[PDB]
Amino acid sequence: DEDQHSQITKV
Amino acid sequence: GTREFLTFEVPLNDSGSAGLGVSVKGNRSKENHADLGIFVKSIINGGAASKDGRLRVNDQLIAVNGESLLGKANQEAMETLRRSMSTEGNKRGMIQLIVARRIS
């Protein structure tokens, strides 16, 4: 249930 | 009863540059708009996480290097593990990890 504004981070 | 915690130690002796070998992404409550934590978006098939043999996509993070993330936003958490994995976990060659995954 995200706000359609997620994001990924390469770790 | 479809939830289980998973504590793993990820060695990045080589992944030190890649951070660990995984892509993290967190969610946010629909109404509360509060961060719902981070989840393994995609584990680099080759990095430290994929080599650990205990990391799988869709795994929620709870604590990294002995540092919980529930007390911070997703971006802050993924950043907290990032530094903890590339500054405290690497210092020895591997970072401590704690993730919760549902039985499915």
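The listed protein sequences derive, respectively, from chains B and A.
Per PDB author numbering, the very first residue in the first sequence carries number 3; after that it's consecutive.
Per PDB author numbering, the very first residue in the second sequence carries number 7; after that it's consecutive.
We put the CB at the ideal spot given by N, CA and C, even for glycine.
query: Check the Cβ-Cβ distances between residue 31/A and every residue of chain B, and say whether any is below 9 Å.; result: yes
query: Under the assumption that residue 149/A contacts residue 69/A (Cβ atoms under 8 Å), give the Cβ distance between them as a whole number of angstroms.; result: Any answer about residue 149/A is impossible in this case: the structure gives chain A only from 7 up to 110.
query: Assuming residue 81/A is part of the alpha helix (DSSP H), what are its boundary residues?; result: 80 to 89
query: Where does residue 76/A land, buried or exposed, given buried means 16+ other C-beta within 10 angstroms?; result: exposed
query: Which residues in the same chain as residue 100/A place their Cβ atom closer than 8 Å to its Cβ, once the five residues preceding and following it in sequence are excluded?; result: 15, 16, 17, 18, 19, 54
query: Would you kindly work out how many angstroms separate the C-alpha atoms of residue 7/A and residue 24/A, rounded to a whole number?; result: 35 Å
query: Run through DSSP, which three-state label would residue 110/A get?; result: coil
query: Can you check whether the C-beta of residue 60/A is within less than 9 Å of a C-beta belonging to chain D?; result: The chain labelled as chain D is not found among the protein chains of the depicted structure, namely B and A.
query: Which value, in whole angstroms, describes the spacing of the CA atoms of residue 80/A and residue 88/A?; result: 12 Å
query: Identify the contact partners of residue 34/A in chain B, using a Cβ-Cβ distance below 9 Å as the criterion.; result: 3, 4, 5, 7, 8
query: Determine, using beta carbons only, whether residue 65/A and residue 106/A come nearer to each other than 9 Å.; result: yes
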